[PDB]
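For reference, the structure discussed in these notes is given below.
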Amino acid sequence: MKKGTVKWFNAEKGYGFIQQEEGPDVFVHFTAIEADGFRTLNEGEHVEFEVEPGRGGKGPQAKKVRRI
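With the numbering used here applied, the sequence shown closes on residue 70, and no number is skipped along the way.
Here it is as structure tokens:
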């Protein structure tokens with residue numbers, strides 16, 4: 003479970019990318035976002051994300067994303 007700001011979140015498509023203290027971004031999708039209702043984020047805002055192995059194309063996906 004990592005927490006970081008979001009670079010961009012396409013609500014029209016259902017995908018986004020988050021960047022933690024590490025460095026690189028993460029693969030996030032509406033099928034991973036963990037919220038109760040509106041699963042839309044805002045660029046510049048903080049949000050959590052649980053990077054998983056066989057979940058995202060590039061590998062690390064936001065299996066567990068949170069709004070912050």
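Note that beta-carbon positions come from the ideal geometry of N, C-alpha and C, so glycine has one too.
So what does DSSP say about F51, is it helix, strand or coil? The residue you call residue 51 lines up with position 49 of the sequence shown. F51 falls in the strand class under three-state DSSP.
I35 bridges to which residues according to DSSP? In the sequence shown, the residue the question calls residue 35 occupies position 33. In DSSP, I35 forms a bridge with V67.
Taking the beta strand (DSSP E) that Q21 falls in, what are its first and last residues? The residue labelled residue 21 in the question sits at position 19 within the sequence shown. Run containing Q21: 17-21, per the beta strand (DSSP E) assignment.
Please go through the same chain and pick out, in chain order, the residues whose beta-carbon is closer than 6 Å to the beta-carbon of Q22, but skip the five residues on each side of it. Along the sequence shown, read from residue 1 onward, the residue named residue 22 stands at position 20. These residues qualify, in order along the chain: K4, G6.
Sub-8 Å separation of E45 and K15 beta-carbons: Translated into positions along the sequence shown, residue 45 becomes position 43. Translated into positions along the sequence shown, residue 15 becomes position 13. Cβ distance not < 8 Å, so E45 and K15 don't count as in contact.
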